[PDB]
Structures are given as structure tokens and as C-alpha cells.
Amino acid sequence: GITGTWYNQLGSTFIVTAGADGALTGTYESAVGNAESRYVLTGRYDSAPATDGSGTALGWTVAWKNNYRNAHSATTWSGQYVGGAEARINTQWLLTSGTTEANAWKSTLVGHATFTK
Amino acid sequence: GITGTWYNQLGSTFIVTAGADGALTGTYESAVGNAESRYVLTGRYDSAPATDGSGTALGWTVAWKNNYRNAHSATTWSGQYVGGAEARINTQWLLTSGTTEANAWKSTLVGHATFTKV
Amino acid sequence: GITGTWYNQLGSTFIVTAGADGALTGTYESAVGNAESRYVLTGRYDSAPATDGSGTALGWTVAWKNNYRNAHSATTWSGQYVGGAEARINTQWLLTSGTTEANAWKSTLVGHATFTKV
Amino acid sequence: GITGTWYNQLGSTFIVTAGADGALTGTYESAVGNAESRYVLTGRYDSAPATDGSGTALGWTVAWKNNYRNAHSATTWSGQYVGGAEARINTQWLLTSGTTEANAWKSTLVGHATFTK
Ligand SMILES: O=C(O)CCCC[C@@H]1SC[C@@H]2NC(=O)N[C@@H]21
Ligand SMILES: O=C(O)CCCC[C@@H]1SC[C@@H]2NC(=O)N[C@@H]21
Ligand SMILES: O=C(O)CCCC[C@@H]1SC[C@@H]2NC(=O)N[C@@H]21
Ligand SMILES: O=C(O)CCCC[C@@H]1SC[C@@H]2NC(=O)N[C@@H]21
């Protein structure tokens with residue numbers, strides 16, 4: 001289902017394991033930004049979705065600090081999984097960077113992304 | 001810093017532990033919506049912030065299924081921690097519900113919130 | 001550039017004129033939600049863009065009251081125009097409904113949309 | 001009601017006239033950003049709100065080009081007006097700047113603001 005290797009249009013990649021648990025654990029690699037190599041991810045999802053043909057709700061977080069680099073920032077993704085012969089995940093995202101109290105009005109970016117398996 | 005008990009002015013509350021490894025682990029109790037009791041939370045944060053006076057970036061997720069009910073929905077929170085005499089967490093949030101293909105245009109709310117400690 | 005007729009893949013459509021004075025003026029017809037017929041639109045855009053290959057920034061608003069019905073709600077669209085052989089407008093949107101003080105936490109949806117011309 | 005002079009916590013100011021019309025027209029001055037002096041604004045609002053004690057829906061747009069400066073960007077505000085002895089307007093905002101197709105993933109900021117009269 002959700003478990004496996006997914007891609008986006010920018011060329012970023014992410015690998016996940018989805019547990020019975022309702023938990024999401026894995027790594028993310030960004031093709032853009034002040035980022036190099038792989039980063040740790042964690043999240044949650046609805047493990048008992050409805051039957052009516054609606055999608056499956058989920059979300060996950062990434063902080064941009066690893067052994068090579070630290071951007072002093074973090075992104076969260078919110079969306080849903082749609083299954084079938086051509087599975088996808090549709091999301092919207094927020095990225096916050098640390099700032100002074102003075103610069104806080106410009107700390108946060110918003111965008112959206114589709115991943116496919 | 002972050003480790004402790006926090007609240008927002010809706011009356012919602014959460015408890016968290018921040019580790020040296022960059023994780024966030026705890027549980028959340030909502031005062032509004034289709035929810036009762038405690039729900040699992042997980043996330044990440046910047047464990048080595050700049051020292052120029054800027055805040056510490058973080059995020060976390062909750063999915064609204066526990067032993068008592070399932071709302072078929074999830075929320076993510078994005079923002080930063082600001083410490084000192086009056087420590088706060090300032091965030092923006094996204095809530096997504098599972099909808100059919102036709103109704104996806106109205107599946108996601110956006111909002112903001114300030115939490116205060118102790 | 002912008003002046004003309006545009007659509008999104010929900011089937012919604014709008015007509016607009018962009019003036020030398022920086023205004024946007026037209027009307028919008030929605031294919032979904034609590035809406036029938038045409039609604040008034042107004043906005044602004046960058047009338048003197050950079051020439052490095054970047055897009056042209058703009059925005060517009062619609063309030064969902066006309067002669068036939070009133071939904072007690074409004075939407076704003078924020079984004080940019082990209083011209084050439086295949087011209088597009090790429091946006092993100094906010095829809096706010098009038099709620100009581102208690103329900104304000106769930107008054108606003110967020111979404112995105114790409115429009116295509118002619 | 002909505003007509004008059006409003007302020008925010010940053011020290012930005014805006015003056016509006018709200019017509020029978022359902023229209024919003026005025027100017028905005030920013031205390032932050034790549035901005036100097038006053039800018040033209042336009043928008044719409046619900047001129048026949050419900051009676052139940054819910055607020056009044058509205059929105060407005062600003063492009064950051066005037067006779068002194070041009071930032072190549074625009075902000076839109078979405079929210080509602082709440083009347084009484086202590087009137088306010090509560091909103092959320094999006095700011096887009098022009099970018100290349102390559103840099104589009106970071107074109108848009110999001111935040112929120114309360115104004116009082
Ligand atoms: O520059 C930073 O602050 C760190 C890299 C940010 C990467 C972002 S997260 C949203 C978007 N989607 C991606 O795959 N990468 C960028
Ligand atoms: O109704 C649901 O779908 C689940 C409960 C949602 C609770 C929300 S999350 C945003 C807001 N902030 C809170 O503390 N509670 C509500
Ligand atoms: O139902 C309402 O409150 C008024 C109609 C809303 C229509 C929305 S605006 C976002 C989305 N894009 C469209 O073209 N139509 C819907
Ligand atoms: O720097 C720019 O691109 C132009 C100035 C941006 C001003 C923004 S709009 C959101 C926020 N609220 C304000 O009063 N000012 C800033």
C-alpha cells in the first residue's frame with residue numbers, strides 16, 4: 001500500500017515503512033534547497049480507512065539537519081493516499097525556518113506536491 | 001526547553017519529550033472537533049540552533065484514530081520554539097480529511113496557534 | 001498576456017482584463033460549491049516585471065454573493081503568470097466562511113490551482 | 001462598520017471605503033519589507049451577512065509597485081470582520097514573488113494577521 005519508494009516532479013525521493021501501528025518511518029532526499037544526502041522522517045496515518053472510496057489520511061515531518069549540513073528549518077506534509085493500479089499521494093506543505101522575532105512575518109513557506117510509486 | 005506540558009487558548013493540551021537525537025514524542029488531547037481522550041504524536045526539531053537570537057524550528061503530526069474513535073483525518077503543525085522567561089511555540093497547521101476524488105477540493109483546513117508552557 | 005478567458009480542470013471559468021494601471025477586472029463562474037451564475041472579480045498585478053525569465057505576480061478576490069444567491073463566504077487567489085506558447089496561471093487559494101466565535105478554528109480552506117487560456 | 005482606518009501589530013496601516021456595492025477600495029502602508037510609502041488596494045465583502053452572530057466574510061489584494069519602488073510581488077488577505085465596541089478583522093495571508101520555473105517551489109509565503117480600528 002503506502003510502503004515503498006515514491007518520487008516527485010522535482011526529483012526528490014522518499015522511502016517509507018507503514019506499520020500496523022499507524023506509524024510512518026523512513027528517509028527523504030531533496031533535489032533542491034540547502035540540502036545534501038538523506039534525512040530522517042517520521043509521521044502517522046489512518047490504518048482503518050472508510051470503504052466508501054474516499055482516500056487515506058496521513059502526514060509526516062522532516063528536520064533539515066544531518067551529518068553533512070544543517071539548514072535550521074523543518075517541513076511538514078499533510079495529505080492522503082489514493083490506491084489502485086496507479087497509486088498516488090496528494091499533499092500540501094509548510095516549511096518554517098528559525099528567525100528573530102523581528103523577521104518572523106517571513107518564516108514560513110507553503111506549496112503542494114504529488115508523489116507517485 | 002521544549003520538554004514539558006503546553007496549552008493553547010482553545011483549551012487543547014499536549015505533553016512532549018525532545019531528545020538529543022532530534023525526535024519529538026508525546027500525546028495530544030483536543031478540546032474541539034470529533035475527538036475524545038489522548039492521541040499519539042510524533043515529530044522532529046533542530047537540535048543545534050543558531051545562537052544569533054533566532055528560534056528553534058520544529059514540526060509534528062497527529063492522526064485522529066485511537067481506541068475510542070476514528071475521524072478519518074490528520075493534522076500537522078509547523079513552527080518554532082522561543083525560550084526565555086516567557087517561552088512559547090508559534091505555529092501554523094494543516095488538517096486533511098479523507099474524501100472522494102470529487103470532493104478533494106474541500107479536504108483541507110488551515111489555521112494557526114500559539115502554545116504556552118506549564 | 002493575461003487578458004482573456006481561462007479555465008481550471010474542475011470546469012470553473014473566468015474572464016479578465018488587465019490594465020496599464022495595474023488592475024484586474026472581470027467575472028468568475030464556479031462549477032462546484034454553493035454557487036450559480038457569474039460573480040464579480042477584482043484584483044492587481046505587477047505591470048513592469050523583471051526580464052530575467054521570471055513570472056508576473058498577481059492576485060484577485062471573489063465574494064460569493066450575486067443576484068441569485070449568497071453563500072456568506074469569499075475566496076482569494078495568489079500566484080503568477082507564465083507566458084509563451086503554453087501560457088498558464090499557477091495559484092494557491094484561501095476560502096473563508098463567516099462563523100461564530102466558537103467555530104472560527106474551522107472557517108478557512110486552502111487549495112491550489114492551474115488555469116489555462118482560451 | 002468596515003469603513004475607516006485599521007492597524008496591525010507590526011505597525012502597518014490601512015484605510016478603506018466599503019460600498020453598498022460589495023466593494024473595497026483604498027491604500028496600504030507596510031512597516032516591513034521591500035516597501036516604502038502607500039500602495040493601492042482593492043477587494044470584496046459580503047454586504048448581507050447572516051443575523052446569527054457569525055462574522056462578515058471578505059478579502060483584498062495588494063501589488064507592491066508604486067512610484068518609488070517595485071518588489072515584483074503581491075499579497076492577498078482572506079478573513080472576516082467582527083463588529084461591536086471592539087471591532088476587529090481576522091485574516092490569513094499569501095505573498096507570491098515572481099521567480100523562474102526552477103525556483104517556483106519557494107515563491108509563496110503564508111502568515112496571519114489581526115487588525116483593529
Ligand atoms: O533549504 C532548506 O531550508 C532545506 C531544503 C528544503 C526542501 C524543500 S521541502 C519542500 C520542497 N519539496 C522538496 O522535495 N524539496 C523542497
Ligand atoms: O475533527 C477531527 O477531524 C479531529 C479533531 C480535530 C481537532 C483540531 S486540530 C486543529 C485544532 N486545534 C486543536 O487543538 N484542535 C483542533
Ligand atoms: O460554496 C461556497 O462557499 C461558494 C462557492 C465556492 C467555490 C470554490 S472557490 C475554490 C474552488 N475553485 C473553484 O473554481 N471553485 C471552488
Ligand atoms: O517585501 C515585499 O515583497 C513587499 C513587502 C511585503 C509586506 C508584507 S505583506 C504580509 C505582511 N504584513 C504586512 O503588513 N507587511 C508584510
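Order of listing sets the numbers, starting from 1, for every ligand and every atom in it. A note on names: the letters A, B, ... follow the listed sequences, proteins ahead of strands, and every chain is numbered from 1. FYI, side chains are in, hydrogens and waters are out, and symmetry mates aren't considered; it's all heavy atoms of this structure.
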Would you sort out whether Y39(B) and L41(B) count as a side chain to side chain contact (heavy atoms under 4.5 Å, CB included), showing the intermediate values? CA-CA 7 Å; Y39(B) 294 75; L41(B) 96 81; over 6 Å; no
For [atom], what is the nearest protein heavy atom, given as residue, atom name and distance?
atom: atom 12 (N) of ligand 2; value: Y28(B) OH, 3.9 Å
atom: atom 4 (C) of ligand 3; value: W64(C) CG, 3.5 Å
atom: atom 9 (S) of ligand 2; value: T75(B) OG1, 3.7 Å
atom: atom 6 (C) of ligand 1; value: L95(A) CD2, 3.8 Å
atom: atom 16 (C) of ligand 3; value: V32(C) CG2, 3.6 Å
atom: atom 3 (O) of ligand 1; value: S73(A) OG, 3.0 Å
atom: atom 1 (O) of ligand 1; value: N34(A) N, 3.0 Å

Considering the heavy atoms of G33(B), write down every atom of ligand 2 situated less than 4.0 Å from one of them.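 Contacts of ligand 2 toward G33(B), numbered from 1: 1 (O).
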Just jot down the ligand 2 atoms closer than 4.0 angstrom to any heavy atom of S12(B), in number order. 13 (C), 14 (O), 15 (N)
I'd like to know if the side chain of [X] pairs up with that of [Y] as donor and acceptor (distance under 3.5 Å, no hydrogens or angles considered).
X: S107(C); Y: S97(C); answer: no
X: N90(C); Y: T114(C); answer: yes
X: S78(A); Y: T96(B); answer: yes

Can any side-chain N or O of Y45(D) pair as donor or acceptor with the backbone N or O of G19(D) at less than 3.5 Å?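 Yes: the side chain of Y45(D) pairs with the backbone of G19(D).
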For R69(A) and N67(A), indicate whether the former's side chain and the latter's backbone hold a donor-acceptor pair under 3.5 Å.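 The answer is no, because no donor-acceptor pair under 3.5 Å joins these two groups.
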Tell me whether the rings of [X] and [Y] are parallel (<30°), tilted (30 to 60°) or perpendicular (>60°).
X: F14(B); Y: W60(B); answer: tilted
X: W6(B); Y: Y81(B); answer: perpendicular
X: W105(C); Y: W93(B); answer: tilted

Hey, does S30(C) sit under 4.0 Å from ligand 3 if you only count heavy atoms?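 Under 4.0 Å: yes for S30(C).
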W93(A) neighbourhood, listing ligand 1 atoms whose heavy-atom distance to it stays under 4.0 Å: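 Answer for ligand 1: 10 (C).
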So between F14(A), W105(D), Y39(A), whose heavy atom ends up nearest atom 8 (C) of ligand 1?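 The nearest heavy atom belongs to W105(D).
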For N8(A), which part has a heavy atom under 4.0 Å from ligand 1: side chain, backbone, both, or neither?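 The answer is the side chain.
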